[PDB]
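Because the Cβ atoms are built from the backbone with ideal geometry, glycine has one as well, and the counts that use them run over all protein chains shown. Every number in this text was worked out from the coordinates using simple rules, so none of it is lab data.
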Amino acid sequence: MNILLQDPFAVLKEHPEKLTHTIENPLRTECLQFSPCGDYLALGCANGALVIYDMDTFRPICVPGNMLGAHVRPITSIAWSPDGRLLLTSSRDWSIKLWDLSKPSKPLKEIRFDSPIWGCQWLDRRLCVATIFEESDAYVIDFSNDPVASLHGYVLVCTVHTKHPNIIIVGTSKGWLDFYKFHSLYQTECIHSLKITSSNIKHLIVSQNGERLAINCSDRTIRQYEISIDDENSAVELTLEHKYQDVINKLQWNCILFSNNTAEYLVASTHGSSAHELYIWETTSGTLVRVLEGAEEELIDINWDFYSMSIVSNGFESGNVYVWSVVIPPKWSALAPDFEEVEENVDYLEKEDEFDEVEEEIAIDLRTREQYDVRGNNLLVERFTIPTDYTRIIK
Amino acid sequence: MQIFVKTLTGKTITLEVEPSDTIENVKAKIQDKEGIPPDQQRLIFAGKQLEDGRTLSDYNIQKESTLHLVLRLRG
Amino acid sequence: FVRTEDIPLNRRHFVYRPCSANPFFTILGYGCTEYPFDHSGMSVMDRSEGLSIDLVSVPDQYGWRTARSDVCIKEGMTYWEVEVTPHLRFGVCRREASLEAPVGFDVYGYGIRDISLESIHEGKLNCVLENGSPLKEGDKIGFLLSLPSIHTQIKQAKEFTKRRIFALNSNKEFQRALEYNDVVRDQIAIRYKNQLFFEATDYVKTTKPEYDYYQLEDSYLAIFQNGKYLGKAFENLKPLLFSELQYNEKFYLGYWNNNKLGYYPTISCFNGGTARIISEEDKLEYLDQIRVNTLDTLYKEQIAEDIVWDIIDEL
Amino acid sequence: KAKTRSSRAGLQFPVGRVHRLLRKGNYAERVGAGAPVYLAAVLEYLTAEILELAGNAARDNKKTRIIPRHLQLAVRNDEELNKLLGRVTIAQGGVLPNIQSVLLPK
Amino acid sequence: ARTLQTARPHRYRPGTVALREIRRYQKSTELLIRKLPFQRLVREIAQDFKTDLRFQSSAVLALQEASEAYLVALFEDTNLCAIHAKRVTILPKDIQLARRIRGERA
Amino acid sequence: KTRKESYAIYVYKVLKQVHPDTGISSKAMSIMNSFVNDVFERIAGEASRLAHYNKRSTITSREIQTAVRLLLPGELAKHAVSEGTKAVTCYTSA
């Protein structure tokens, strides 16, 4: 709705094409993460400042930890909860802080460690999976009462499979993919491992339907596989699908991302000097199709939102946040019920008549809702609203 | 009966069909009129993508209706 | 069906006519041709550019277009037959009607439709006849057109003059200062792409003249299909003595009949609907049920009147 | 079957020709295998960018044949195509209409 | 309301025929020097270098093109110098200043 | 007769895709041909000079990019380098 009424030509573009807005953050941004729906943008600033902008205004709506317990130094991970209520974050202050966004003055729960953090990830229940700096094992923190448990070089990035939330994937600092089966609470045996490179894996992304996977090596290449699982979470194989790279100047990659469900597009951000653009390839054929060309600085992070269908990325030198969104132009054709606009001179055919001058009971359902829009995004999902705080409004 | 297929490029084609024809028959008709293989196209009506297996009459399409043909473009 | 390629067609209120070298004329050098043939036929000068060709049609994608008969029916009783998505129209129209518009779209022409035989005038349809017999692909439609004697039309025109001189006027004085039997024609010789045609001024649409509506005395339009009449199409036929030529009145104020006034049998073609009109008694099929002269007679009469007036107007 | 090297990249300008010119023009001892492709892409981009303005001029002048005057107009009316060709002179291109303001009557 | 459309003795004071010749020459694109005098001038200048050359007929023409596109451009610059000195005439001390600033004399 | 070469047919194939109905003259075709030759020589000469300072022994797809970015003005440089890298990618993956 606002899309059903729109014409299905300028609304069904496959990816953003131009940048529209450029948020300026007073601190320096380090992590971006939309809400489960395209409602809120949870930014992690330079010095542990954590803001939540709103996409309807681009101006802040809530700064968690304003009372106490806030973060003090660069944040490294921001993971939302599928409903929208809870929000997990982790910084270089070794602490993992889960916030209930119904009382955002103070952290709801938090745990502390003995090393900086790379990333935290949600599971439901309430249990997160974390990767610690320089360590060689992940951590399962099922902190409804704050317990912590543990589970080829090191472990850098972790990610849970989308279709089978018992499967867990992890990449090593030496080239090994290692898979885990969360068949228990705090005892997990591997189900598969392998070594595809000689360099550090830096990112592990997976499509929403477990039918694809991508990997960013420290070598200037991107390895894209077509994973598949079966056999009560035992059958697991990988088939090399493609390898992407920069043929001209062999630049390195900073972050990668897929499309929504079938992952028909792969978006990557380059890292070297003179690198200001985002590449967008297909995945079936693997040929380059687009280059986002908006910013003027090395771009670190990427995030895609499929409801509003926007790409968001934070600069490195400045600290701003640029947004490339699909743009729909206003059609004068709407101003009347029969105003059809054309592009070229149409010819006119006339019947012999034109020169010669001179109950209902249709099905109506008002209480039924629509499940999917034109793009294919699932409505009716619970969209928790951050409560407005009035105390900071009177001044 | 006539239905319309509006292509992005500005062209509208006036296909002749029967309500008992399947959508697959409609894609075949768009091909045999314009030569576009049914696999490469994508048909849209009233905000809902017409599903591959079902029939024209499933969507209550009657004569002189218009509907939008977008291409699943590639390299 | 073929189109004309190098003929000046009637447009912008100008009429053309071919001529042939006549050495009896000294002031003028040429006199009117009989025709490209013996008998009367389709007048090629007043056709639409899109009107293709006794046979006429338009392609199947073309709007209403018309052709007129060459002979101008002034008075008397004339009968003929027109032989028949593709529609057509049969009727009669004055010169003011446009060749681009279907007969009966204006107030200067009266026509009938192919489907349902409805009568068309002023752009409005009529179903005066209750017979409602459909017309097939091989039917022959007769037309008997009866018009009053010239003298009564002349006196009706004189009545119009006597009203107009002061009753409708009470530069007025010039208008008040402003020949009914006498014909005065205007013709200039022109050469268009090495071909030779005569240019003559034509009439323009103006406000309808009113007083009771002007009607030709005992004027009647009768229509027959295969011997059976289908009624009288019209009675109150407009007088034309009423017919102002295109005139730059500004010019003559600043300085200070052409024998072709009447109703022409007109054939209209739409989306390929063809037909043909019959002129000569030998190929006339219902000439005796009236009891009379065919159109071809008036064709010869017009030829004679034109050549004699050409003779006299030399001096 | 053969497949022209300039058709695998969506170009119109020849790539084998540009490669032979780079090889036998004595620019360097060795020519990378993708240098001719890049150079031919840049060449056709520039020539299309100038031919487009030349056609726009020849159309806004009610002709249908690009002619040296139209190229001179297309170049000197731009702002960046003017610096790329600041030294050249286009034969039969005339000059751009311009009259100072101190000279126009009052 | 109606259908819109696109269509439906003497002595000029000194300084006006000039402003008309300027507009009629800044839009034309032909050569402004007779061809036989320039032919002979080129042939006569090339005596001081080699006695009997043959000057292929496209060489001469070529020179003429440049020889215009130089002088014309020169005059433009000199014009500014004149306008700079708060006058309208162009004097020989303007051409010399243009050629000096521009680098041709130093 | 000896066959000399030019860029006539390629300039024509580009004209017939930028303006599908216009047609070039003869002198204008020779002008476009000499323009292409001149820009070719500029770019290749700068690329050589640049692949000499660095003591490399080859003139690769990056010497050409830096040459294009030096010689071409402000905005023509970005579009030129984009078209170039697009063509090189579309060519290498085929």
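Using 11 Å as the cut-off for backbone N distance, which residues of the range C:27-44 belong to the label zone defined by a point 7 Å from the Cα of C:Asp313 along Cα→Cβ? Zone members listed by number: C:32. Ranked by the mean number of other Cβ atoms within 10 Å of their residues, highest first, the peptides C:17-27, A:174-184 fall in the order A:174-184, C:17-27. Counting Cβ atoms of other protein chains within 10 Å of each Cβ in F:58-69 and taking the mean gives 6.
With neighbour counts taken as other beta-carbon atoms within 10 Å, the residues E:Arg2, D:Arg8, C:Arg3 rank, fewest first, as E:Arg2, C:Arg3, D:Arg8. Which log10 I(q)/I(0) values does the protein assembly as shown give at q = 0.09 Å⁻¹ under the Debye formula, counting every alpha carbon as one identical point scatterer? Reported log10 I(q)/I(0), two decimals: -1.15. The mean count of C-beta atoms from other chains within 10 Å of the C-beta of residues in A:346-358, rounded to a whole number, is 5. Label sites at A:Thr262 and F:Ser6, each approximated as a point 7 angstrom past Cα along Cα to Cβ, lie 5.0 nm apart. Working ranking of peptides A:126-133, A:350-357, A:38-45 by packing, defined as the average number of other Cβ atoms within 10 Å per residue, highest first, is A:38-45, A:126-133, A:350-357.
Over the residues of chain B, the helix contribution to mean residue ellipticity at 222 nm works out to -5000 deg cm²/dmol, using -39500 (n - 2.57) for each DSSP H run of at least 4. Helix content alone sets the calculated 222 nm mean residue ellipticity of chain F: runs of n ≥ 4 DSSP H residues at -39500 (n - 2.57) each, divided across all residues, give -23500 deg cm²/dmol.
Dipole check for chain A: with +1 at the C-beta of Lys and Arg, -1 at the C-beta of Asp and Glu, and the Cα centre as origin, the magnitude is about 3180 Debye. Remark on chain B: ratio of C-alpha radius of gyration to 2.2 N^0.38 Å is 1.00. Per residue, the average separation of C-alpha pairs within less than 8 Å and at least 6 apart gives chain B a relative contact order of 42 percent.
Net charge near A:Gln187, counting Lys/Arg +1 and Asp/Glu -1 over other residues with Cβ under 15 Å of its Cβ? Charge balance in the 15 Å sphere: -2. Based on Cα contacts under 8 Å between residues 6+ apart, chain D shows a relative contact order of 17 percent.
Using only helices, what value at 222 nm comes out for chain E when you add -39,500 (n - 2.57) per DSSP H run of length 4 or more and divide by the total residues, to the nearest 500 deg cm²/dmol?
-18500 deg cm²/dmol
Suppose we take every Cα in chain A and form the convex hull; what volume per residue is that in Å³?
So the per-residue Cα hull volume is 235 Å³.
Here's the picture: a label point sits 7 Å out from the Cα of A:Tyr390 along the beta-carbon direction, and within the range A:47-78 the residues with their amide nitrogen under 18 Å of it are A:62.
Placing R0 at 41 angstrom, the Cβ-Cβ distance between A:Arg367 and B:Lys33 gives a FRET efficiency of 0.45 after rounding to 0.05. Helix F:27-53 and the long axis of chain F differ in direction by around 10°, with both axes built from C-alpha atoms. For the peptides E:92-100, A:376-384, residues were scored by their other Cβ atoms within 10 Å and the scores averaged per peptide; the highest-first order is E:92-100, A:376-384. Rg and Dmax, both from the Cα atoms of the range C:176-315 and both in Å, are 19.7, 58. Converting phi to 3J(HN,Hα) with the Karplus coefficients 6.51, -1.76 and 1.60 and the offset θ = phi - 60°, the range A:172-186 yields 9, 7, 9, x, 9, 7, 10, 10, 9, 10, 6, 6, 9, 8, 9 Hz in sequence order, with x at every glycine or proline. Note on A:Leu292, B:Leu43: ascending count of other Cβ atoms within 10 Å places them as B:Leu43, A:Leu292, the fewest first. Working from Cα pairs under 8 Å separated by at least six residues, relative contact order for the range E:9-106 is 17 percent. The calculated FRET efficiency for the pair B:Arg54 and A:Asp54, based on their C-beta separation and a Förster distance of 60 Å, comes to about 0.90. Set the Förster distance to 25 Å, then compute FRET efficiency between C:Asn181 and C:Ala304 from the Cβ-Cβ distance, nearest 0.05. It comes to 0.90. Legend: mean number of C-beta atoms from other chains within 10 angstrom of residue C-beta atoms, peptide D:90-101, equals 6. Residues of the range F:17-56 falling in the label zone of B:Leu71, defined by backbone nitrogen less than 18 Å from a point 7 Å along Cα to beta-carbon, are F:17-18, F:20.
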